[PDB]
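these chains are from a complex, not moved at all, and more is on the way:
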Amino acid sequence: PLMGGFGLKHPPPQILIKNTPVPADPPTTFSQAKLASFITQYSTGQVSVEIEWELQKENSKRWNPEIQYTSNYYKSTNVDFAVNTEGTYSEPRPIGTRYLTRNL
Amino acid sequence: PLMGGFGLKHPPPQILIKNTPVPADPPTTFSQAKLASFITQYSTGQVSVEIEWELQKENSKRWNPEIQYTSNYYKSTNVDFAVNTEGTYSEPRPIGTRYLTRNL
C-alpha cells in the first residue's frame, strides 16, 4: 500500500456496532407505517485490543555509533508527547521507523 | 573508587611477562661476576580476553521518549570514532553511561 504498512489479502475484519433502536409509544390504533418515534439513546463501554508483534532482531558489526531517535536535551516550555497546561496532549513531530543502518 | 568503576576486594590478578635473558658469549676463563653481555631480543604475540558481563534489564513505564546517545546527523569531513586519511583512529568525545532515566 502506498501510504505504507502491511498489505493484507485478508485484513483484520472490521467491526460494526449499533444501539438497538427502542421505539417510543406506538399509537393505540394499528397503522401500517413503521414507527418513526424513537427513544434518544447512546451507549458507552471499554474496548481492548492486543496485537502480538514479531520483531526481527538486529545483528550488525558496524564499528562507529548508529543514529538514534532521542528527545531534545535543551529546556522547553512544556514536555513533548505529553499534556500541556490546558490538558491537551500534543504530539510535536512525526517519528520515522528508519534509523538503524544496514548494507544495501 | 573515585575514578569510578567497580571496587574489588580481590581484583583481576595482574599478569607479568618478560623475555628470558639469553647471555652472549661468556669468557673462556671463569670469573665470578654475572654475565653483563646479553643478546638483544624482543618477542611478540596475540593476547585475547573475554569479560562476561551481566546486564540489568530495563523496565520503565515513562510515556514520552527517553534521551539516547546518537551520532551527528549532519555531514562531516571525516567519520567520528573511525580512522582518518592518515590512518589515525580518533575518538572525538567522551561517552557517558547515563542516559536512561529512573525515579529517584
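Thanks, I have it. Numbering: from 1, shown residues only, chains lettered A, B, ... in the order given.

measure the closest residue in space to residue A:89 that isn't next to it in sequence to residue B:35 for me?
In space, and not counting its chain neighbours, residue A:89 is closest to residue A:83: 5.2 Å by Cβ to Cβ, 6 or more residues apart in numbering or on different chains. Backbone N, C-alpha and C define where each C-beta goes, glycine included. With distances taken as Cβ to Cβ, to the nearest Å, residue A:83 is found 83 Å from residue B:35.

same check on residue A:45?
Per Cβ to Cβ, residue A:45 is found 96 Å from residue B:35.

for those two, indicate the residue with more neighbours.
Comparing residue A:45 with residue B:35 by other Cβ atoms under 10 Å in any protein chain shown, the one with more neighbours is residue B:35, at 13 against 5.

in which helix or strand does that one reside?
For residue B:35, there is no helix or strand it lies in under DSSP states H and E.

quick one: name the residues of chain A near chain B.
Counting by Cβ under 8 Å from any Cβ of the partner chain, chain A comes close to chain B at A:63-71, A:73, A:79-82.

coming back round to it: how about the residue nearest to residue A:89, phi and psi?
When read as degrees, to the nearest 10, the backbone of residue A:83 gives phi -60, psi 160.

among the residues of chain A next to chain B, which are in strands?
residue A:82 (DSSP state E).

any chance of the residues of chain A next to chain B in CSV, plus neighbour count and distance to residue B:12?
Formatted as CSV, the residues of chain A next to chain B follow (neighbours: other Cβ atoms under 10 Å in any protein chain shown; distance: Cβ to Cβ, whole Å):
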residue, neighbour count, distance to residue B:12
A:63, 9, 26
A:64, 10, 29
A:65, 13, 28
A:66, 14, 31
A:67, 14, 35
A:68, 14, 32
A:69, 13, 37
A:70, 14, 35
A:71, 14, 38
A:73, 8, 36
A:79, 14, 44
A:80, 13, 44
A:81, 14, 44
A:82, 13, 45
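
now render the residues of chain A next to chain B as JSON lines, adding distance to residue B:93.
As requested, the residues of chain A next to chain B are arranged in JSON lines below (distance: Cβ to Cβ, whole Å):
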{"residue": "A:63", "distance to residue B:93": "16"}
{"residue": "A:64", "distance to residue B:93": "12"}
{"residue": "A:65", "distance to residue B:93": "11"}
{"residue": "A:66", "distance to residue B:93": "16"}
{"residue": "A:67", "distance to residue B:93": "16"}
{"residue": "A:68", "distance to residue B:93": "15"}
{"residue": "A:69", "distance to residue B:93": "20"}
{"residue": "A:70", "distance to residue B:93": "15"}
{"residue": "A:71", "distance to residue B:93": "19"}
{"residue": "A:73", "distance to residue B:93": "14"}
{"residue": "A:79", "distance to residue B:93": "27"}
{"residue": "A:80", "distance to residue B:93": "25"}
{"residue": "A:81", "distance to residue B:93": "28"}
{"residue": "A:82", "distance to residue B:93": "30"}
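
next up, chain C:
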Amino acid sequence: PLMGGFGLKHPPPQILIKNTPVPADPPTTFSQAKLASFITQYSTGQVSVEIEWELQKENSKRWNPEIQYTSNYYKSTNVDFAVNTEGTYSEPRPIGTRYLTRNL
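This next block brings in chain C, placed alongside the chains you saw above:
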C-alpha cells in the same frame, strides 16, 4: 528517614483509584475532538487494612518503677482523645514511643 519510621527499599505499594469517566450525550454528527461533556459522578465505599506487627518483648531487671504514659487523674472539662460537645474528636498532645528504659 529523618521524620522517623522504617525506611524501606520496597515500601508498601501505593494504590491509585479513579472513577471511570462516563461521557454525556455525544453529538449526532461525528466530530474529531474528544468528548468534553461528562456526567458528574463520585463513588464511596469501605476500605480495610491490617498491619501485622512484631513486638520485641521486654525483659529488664531494673528494681524501681519505670516511667509510664498515663492519663491525667485530675478532673477535666472534656475527656482527652475523645469527642467533645460538638462531636469534634481532638487529640490533645503528641505521644512519644520512648518510656521504658534500657542500658546504653
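
how close does the spatially most central residue of chain A get to residue C:34?
By Cα atoms, centre = their mean, chain A has its centre lying nearest to residue A:49, at 10.4 Å. Using Cβ to Cβ, one gets 19 Å for the distance from residue A:49 to residue C:34.

got a list of what residue A:92 touches?
A:80, A:81 (Cβ atoms under 8 Å, 6 or more residues apart in numbering or on different chains).

can you name the helix or strand that the residue nearest to the centre of chain A falls in?
Using DSSP H and E, residue A:49 sits within no helix or strand.

ok, the one 5 residues further on next?
When elements are assigned from DSSP H and E, residue A:54 belongs to no helix and no strand.

distance of it relative to chain C?
Distance of residue A:54 to chain C, computed by Cβ to the nearest Cβ, to the nearest Å: 33 Å.

that residue: neighbour count?
Here the count is done by other Cβ under 10 Å, and residue A:54 has 5 residues near it.

with residue A:41 instead?
By other Cβ under 10 Å, the residues close to residue A:41 number 10.

with adjacent residues omitted, what lies nearest to it?
Leaving out its chain neighbours, the residue that sits closest to residue A:41 by Cβ to Cβ, 6+ apart is residue A:19, at 5.3 Å.

can you pull the contacts of the one you found?
Residues near residue A:19 by Cβ under 8 Å, 6+ apart: A:41, A:42, A:43.

quick one: which of those is nearest chain C?
Closest to chain C out of the contacts of residue A:19 is residue A:42 (6.2 Å), distances taken as Cβ to the nearest Cβ.

which ones are touching the closest residue to residue A:95 other than its chain neighbours?
Counting by Cβ to Cβ, 6+ apart, residue A:95 lies nearest to residue A:69, which is 6.5 Å off, once chain neighbours are set aside. By Cβ under 8 Å, 6+ apart, the contact list for residue A:69 reads A:95, A:96, A:99, B:65, B:68, B:70.

switch the cut-off to 10 Å
Listed by Cβ atoms under 10 Å, 6 or more residues apart in numbering or on different chains, the contact partners of residue A:69 are A:95, A:96, A:97, A:98, A:99, B:65, B:66, B:68, B:70.

rebuild these as TSV, extending it with distance to residue A:9.
Shown next, in TSV, are those (distance: Cβ to Cβ, whole Å):
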residue	distance to residue A:9
A:95	28
A:96	27
A:97	23
A:98	26
A:99	30
B:65	35
B:66	38
B:68	37
B:70	38
